[PDB]
Ligand SMILES: *[C@H]1O[C@H](CO)[C@H](O)[C@H](O)[C@H]1O
Ligand SMILES: *[C@H]1O[C@H](CO)[C@H](O)[C@H](O)[C@H]1O
Ligand SMILES: *[C@H]1O[C@H](CO)[C@H](O)[C@H](O)[C@H]1O
Ligand SMILES: *[C@H]1O[C@H](CO)[C@H](O)[C@H](O)[C@H]1O
Ligand SMILES: *[C@H]1O[C@H](CO)[C@H](O)[C@H](O)[C@H]1O
C-alpha cells in the first residue's frame, strides 16, 4: 500500500501574555510664584 497519510496538524499555538501597564506620571509642577503688590503712593505729611 501507499504510505498512509500523516495525522492532522495541530491548531495554532496561543499568543504570549500581553505586556504590563505603564506607570503614573510624576506629580505636576506647582504654579508660578505670583509677584507681590506695589507699594502705596507716597503718603502726605503728618498733621502739625
Ligand atoms: C493521504 O496521502 C496518502 C499518500 O501518501 C494516501 O493517498 C492517503 O489515502 C491520503 O489520505
Ligand atoms: C501539518 O502537520 C501534520 C503533522 O502534524 C502534517 O505534517 C501535515 O502534512 C501538515 O500540513
Ligand atoms: C503551541 O500550541 C499548539 C497546539 O495548540 C502546538 O502544540 C504548538 O506546537 C505549540 O507551539
Ligand atoms: C503635570 O506634569 C505631570 C508630569 O510632569 C503630568 O504630565 C501631569 O498630567 C501634568 O498636569
Ligand atoms: C514677580 O516675582 C515673581 C517671583 O516671586 C515672578 O518672578 C514674577 O514674574 C514677577 O512679576
Inset, instruction - State, to one decimal in nm, how far the label point of residue 13 lies from the label point of residue 33, with both points 7 Å from Cα in the Cβ direction. - result: 6.1 nm
Inset, instruction - Could you work out which residue, out of 31, 21, 11, moves most in a Gaussian network model of the chain, that is, has the largest mean-square fluctuation with Cα springs under 10 Å? - result: 11
Inset, instruction - Find, to one decimal place in angstroms, the Kirkwood hydrodynamic radius of the chain, where the mean of 1/r is taken over every pair of different Cα atoms and then inverted. - result: 21.8 Å
Inset, instruction - Please identify, among 16, 38, 25, the residue showing maximal mean-square fluctuation in a Gaussian network model of the chain using a 10 angstrom Cα cutoff. - result: 38
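Rule-based calculations on the coordinates, nothing more; no lab input. Please note: Cβ atoms are built from the backbone with ideal geometry, for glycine as well, and neighbour counts cover all protein chains shown.
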